[PDB]
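Trainee: Numbering (the deposited numbering), first residue to last: 3 to 419. Heads up, the beta-carbon is just placed ideally off N, CA and C, and yes, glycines get one too. Here it is, the structure, as structure tokens.
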Ligand SMILES: NC(=O)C1=CN([C@@H]2O[C@H](COP(=O)(O)OP(=O)(O)OC[C@H]3O[C@@H](n4cnc5c(N)ncnc54)[C@H](OP(=O)(O)O)[C@@H]3O)[C@@H](O)[C@H]2O)C=CC1
Ligand SMILES: O=C(O)CCC(=O)C(=O)O
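Structure representation (structure tokens):
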């Protein structure tokens, strides 16, 4: 139940309800512009040939070449890929990139595939979808169960097929630094989230120096968010959690020590000098910034009234339900929309694509400054729409993104109204 695509269409329809958009443009936006389903045959280590199902959905390319990652998950469906491409369209539109929306995926369990089999899978996927991808057509990226090594393999296969007739480095992002990689990719999402948190604090008029932050989820995104907050913003990290449990310390925590203790003991549980807590009561501490960077849909009707965070930074992909959205807005809580808070990753991916296209590569400082400018401008545009239209922050972000895409469509002459 609860079809993925249908939910995206519903959301797109809730967004259009707050803005003036023609019916033909909305109907165009409700349909992906191109969907490609291909068979991906690879040779297994036992010599047998197995055929996998691969997807490549390009939702819209009015603003430019489509952008989106490739997922290798056993539960991947065409509907999920279409919904994620639709969401990626708004994600690149809100942060003002010359990109469209795209997405790819292969129905495969990568846990049971060896390195050689994974390389064969990546190369065969490239051989299957070469005709619909390119540096100026469709730029894939890392995603769940996919890493930069697979990006390098895919880029090498694309370069082999294209015969080095153009910027083969720019066809795919997230590559290793040795081959067309970009500095600052590892901490892109956390850096963008930190920039949006700083801008939100500036908007609310509060100083983050010496304040408290709780991060729910301690993956790369959560750990880097906590570390960057403590370093740059000067905030005090109070509570973190893994999939198992959480810890509490009112005097503060050192993210590096927590990470060191997490990989050593396999979990964040039972950290010395800290009190063991659960995610459900961790979301309820009185803090100024709360950053859910974990399992989706963790804030609902049950716990919406108990949130005491002044700012909620949705690092994860939609951890707050729309009814919880309304409840939090009624309480005077500033929410950064999920596809705006974690837009730093796609922005750094765009920077990598620009570097590959141009043949000139930037330093860490230049990438950080450009990311700062882009994220600050996007957040301030969203907040200004919020204030002007008297709508929710998520609604304002949807309004901005759909307005940009609609203007791009009207300029091309695709829609006459
Ligand atoms: N990675 C990125 O570049 C960006 C990520 N996002 C979204 O953000 C989130 C984090 O990013 P990512 O680095 O990929 O995640 P990771 O795979 O690196 O880490 C996953 C983490 O969340 C924890 N977790 C899983 N389920 C729960 C749960 N039910 N309760 C509490 N903690 C849980 C895991 O715990 P444990 O350590 O015990 O396994 C782990 O700490 C994801 O949801 C992702 O989709 C979007 C923006 C870009
Ligand atoms: O870099 C990209 O194009 C996709 C990265 C991503 O998964 C994201 O930013 O949500």
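#1: Am I right that residue 60 and residue 36 are in contact with their C-beta atoms under 8 Å? What's the rounded C-beta distance?
#2: Among the residues of its own chain, which have a CB less than 6 Å from the CB of residue 189, if the five just before and after it don't count?
#3: What do you reckon, are the CB atoms on residue 68 and residue 106 nearer than 8 Å?
#4: Please write down, chain order preserved, every residue whose beta carbon lies under 5 Å from a heavy atom of ligand 2.
#5: Could you work out which residue in 42, 38 and 77 is closest to residue 58 when comparing CA atoms only?
#6: According to DSSP, is residue 79 part of a helix, a strand, or is it coil?
#7: In terms of DSSP beta bridges, what is residue 216 paired with?
#8: What residues in its chain sit with their C-beta under 6 Å from that of residue 110, if we drop five residues either side in the sequence?
#9: Given 8 Å as the limit, is there contact between the region 234-241 and the region 200-214, that is, 3 or more CB pairs closer than that?
#10: Enumerate, from N- to C-terminal direction, the unbroken beta strand (DSSP E) stretches of 3 or more residues contained entirely within the region 79-152.
#11: Of the residues 91, 205 and 151, which one's Cα is nearest the Cα of residue 118?
#12: Residue range of the beta strand (DSSP E) that residue 336 falls in?
#13: Out of 9, 218 and 112, point me to the one whose CA is closest to residue 148's CA.
#14: Could you tell me if residue 346 is buried or exposed, where buried requires 16 or more neighbouring beta carbons within 10 angstroms of its beta carbon?
#15: What number of angstroms, rounded off, separates the C-alpha of residue 45 from the C-alpha of residue 405?
#16: What's the C-alpha gap between residue 116 and residue 378?
#17: So, helix, strand or coil for residue 191, using DSSP?
#18: Cβ atoms of residue 228 and residue 385: under 8 Å apart, would you say?
#19: Sort 138, 164 and 123 by Cα distance to residue 153 and report the nearest one.
#20: Which residues in the same chain as residue 176 place their Cβ atom closer than 6 Å to its Cβ, once the five residues preceding and following it in sequence are excluded?
#21: Is it true that the region 189-199 meets the region 266-277, where meeting means three or more beta-carbon pairs spaced less than 8 Å apart?
#22: Give the single residue among 403, 380 and 280 whose Cα lies nearest to the Cα of residue 217.
#23: Quick check on the burial criterion: 16 or more other C-beta atoms within 10 angstroms. Buried or exposed for residue 365?
#24: Since residue 96 and residue 341 are thought to touch, with beta carbons under 8 Å apart, how far apart are those beta carbons, to the nearest angstrom?
#25: Just grab the DSSP bridge partners of residue 224 for me.
#26: Starting from the C-beta of residue 66, find all residues in its chain whose C-beta is less than 7 Å away, skip the five residues before and the five after it, and write them out in chain order.
#27: Is it a yes or a no for the region 163-180 touching the region 126-138, going by three-plus beta-carbon pairs under 8 Å?
Mentor: Let me lay it out:
#1: In the chain shown, the residue the question calls residue 60 occupies position 58. In the chain shown, the residue the question calls residue 36 occupies position 34. Between residue 36 and residue 60 the Cβ distance is about 4 Å, and since that is below 8 Å, they are a contact.
#2: Translated into the one-based positions of the chain shown, residue 189 becomes position 187. Once the five neighbours on either side are set aside, the close Cβ partners of residue 189 are 226.
#3: The residue labelled residue 68 in the question sits at position 66 within the chain shown. The residue labelled residue 106 in the question sits at position 104 within the chain shown. Not a contact, by the Cβ cut-off of 8 Å.
#4: 69, 71, 143, 347, 348 and 351
#5: To locate residue 58, count along the chain shown from 1; it is residue 56. Nearest C-alpha to residue 58: 38.
#6: The residue you call residue 79 lines up with position 77 of the chain shown. In the structure shown, residue 79 sits in coil (DSSP, three-state: anything other than H, G, I, E or B).
#7: Locating residue 216 in the chain shown gives position 214, where the first residue counts as 1. DSSP output for residue 216 lists 241 and 292 as bridge partner(s).
#8: On the chain shown, position 108 is the one that residue 110 refers to. Only 54 and 74 meet the Cβ criterion.
#9: yes
#10: 102-109 and 140-143, all fully within the region 79-152.
#11: For the purposes of this step, residue 118 is identified with residue 116 of the chain shown, where counting begins at 1. Of the candidates 91, 205 and 151, the one whose C-alpha sits nearest the C-alpha of residue 118 is 151.
#12: Here residue 336 is taken as the residue at index 334 of the chain shown, counted from 1. Unbroken beta strand (DSSP E) run through residue 336: 336-338.
#13: The residue given as residue 148 occupies position 146 in the chain shown. Closest option to residue 148, Cα to Cα, is 112.
#14: Residue mapping note: residue 346 aligns to position 344 of the chain shown, counting from 1. Classification of residue 346: buried, given that the 10 Å Cβ count is 16 or more.
#15: Translated into positions along the chain shown, residue 45 becomes position 43. Translated into positions along the chain shown, residue 405 becomes position 403. Roughly 47 Å between the two C-alpha positions.
#16: Counting from one through the chain shown, the residue named residue 116 turns up at place 114. Counting from one through the chain shown, the residue named residue 378 turns up at place 376. So the two alpha carbons sit approximately 42 Å from each other.
#17: On the chain shown, position 189 is the one that residue 191 refers to. In the structure shown, residue 191 sits in a helix (DSSP, three-state: H, G or I).
#18: As a working mapping, residue 385 is identified with position 383 in the chain shown. As a working mapping, residue 228 is identified with position 226 in the chain shown. In this structure, the beta-carbon distance from residue 385 to residue 228 does not fall below 8 Å.
#19: The count along the chain shown starts at 1 and reaches residue 153 at position 151. Out of 138, 164 and 123, 123 has the C-alpha closest to the C-alpha of residue 153.
#20: Start at 1 with the first residue of the chain shown, and residue 176 comes out as number 174. Counting only Cβ-Cβ distances below 6 Å, and skipping sequence neighbours, we find 143, 144, 150 and 153.
#21: As far as the Cβ criterion goes, the region 189-199 does not touch the region 266-277, which means the pair count is below three.
#22: For the purposes of this step, residue 217 is taken as the residue at position 215 of the chain shown. Considering only alpha carbons, the answer is 280.
#23: As a position in the chain shown, residue 365 is number 363, starting the count at 1. Exposed is the call here.
#24: Locating residue 96 in the chain shown gives position 94, counting from the first residue. Locating residue 341 in the chain shown gives position 339, counting from the first residue. 7 Å between Cβ atoms; contact.
#25: By 1-based counting over the chain shown, the position of residue 224 is 222. DSSP lists no partner for residue 224.
#26: The residue given as residue 66 occupies position 64 in the chain shown. Excluding residues within five positions, the ones whose Cβ falls inside 7 Å are 100, 101 and 102.
#27: With the cut-off at 8 Å, the region 163-180 and the region 126-138 touch.
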